[PDB]
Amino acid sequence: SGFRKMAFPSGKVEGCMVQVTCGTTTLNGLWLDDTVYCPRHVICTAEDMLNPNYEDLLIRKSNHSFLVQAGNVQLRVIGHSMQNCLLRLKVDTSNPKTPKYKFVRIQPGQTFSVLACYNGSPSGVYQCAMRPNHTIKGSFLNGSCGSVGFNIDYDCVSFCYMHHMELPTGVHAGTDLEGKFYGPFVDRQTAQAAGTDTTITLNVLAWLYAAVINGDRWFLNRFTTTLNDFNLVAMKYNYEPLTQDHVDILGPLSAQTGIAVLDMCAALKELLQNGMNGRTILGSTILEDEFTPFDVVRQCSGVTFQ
């Protein structure tokens, strides 16, 4: 037993990280087959980060403007294109370590692992959720751009995030691997602020199931709720409204614990209203919202500690 924020093993992603340099700007890139992906802001001039015109900046570059390094090996750039907010650099060598991979756009509430990288060298790995306001609560310093987020299914890597910026609340913004931003953000240093966030109701509920699977029932109650009555309380506490789809997603967890979803919702409504009374749930004093139902099924025993 136990319950931890668990990241995917990062080795298949480590073998894909390189360093990309244009002038005196260096950041991370992702090398799959004969292509290296990286934030287009690598081509920004030091005094024009406010209003860069990337089409105009990019046409002024050649293939040899870009320096790509994999460990100690220089990879020769032989073609380049811009795709939304990324660059695609074609190189002379196909990555021998390219895993099976897909590019996916993840959805708010879903989680992924981040491989924080600096100068093309991986330094750490942690799990993040895509927030409802399309930011992540990551941990990134200068040099971290081009670090990627991913999930692994069987032996296929689903890349879903490349890192681009930090906003003033200390939260993080970036794109999928087609270069489209998550959220309304743009890759320029003009003032921008994350919209107000919301708590991910489906995940809080999934995590309550985890706590039960793992043997704790203290927070349950004799009550039930309608979906609509629940959502009135949810709006009050800045929780996302719960939908029938969310209820259907909780099906398997519900089945495993013998707890109907709306009974679990009633339990959660009581927690919101009354607090936790100095008690913890899976070691936590707050209601945790960064584990999906998928994450709970992946980590917990298939057998409830009854």
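Quick note: we count residues from 1 along the sequence shown, nothing fancier. Whichever C-alpha set is largest while still superposing within 1.5 Å between the two forms counts as the rigid core.
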Name the stretch, 185-193 or 170-178, whose C-alpha atoms sit farther from the shown form on average in 9 other deposited structures of this protein, taking the rigid core as the superposition reference.
185-193
Just give me the stretch that moves more in 9 other deposited structures of this protein: 234-242 or 46-54, judged by RMS C-alpha distance after a core fit.
46-54
Which is higher on mean Cα B factor in this entry, 295-303 or 1-9?
295-303
Comparing 270-278 with 236-244, which stretch shows the greater average C-alpha B-factor in the deposited entry?
270-278
Which listed residue, 36, 265, 49, 253, has the largest C-alpha temperature factor in the record?
49
Between 127, 144, 203, 74, let me know which has the highest C-alpha B-factor in the entry?
74
Split into thirds by Cα B-factor across the chain's modelled residues, where does residue 184 land: lowest, middle or highest?
middle
How does the C-alpha B factor of residue 102 compare with the rest of the chain: lowest, middle or highest third?
middle
Residue 286 - Cα temperature factor, lowest/middle/highest third of chain:
highest
Taking the C-alpha B-factors as the PDB entry records them, is residue 78 in the lowest, middle or highest third of its chain?
highest
Based on the deposited C-alpha B factors for this chain, I'd like to know if residue 176 is in the lowest, middle or highest third.
lowest
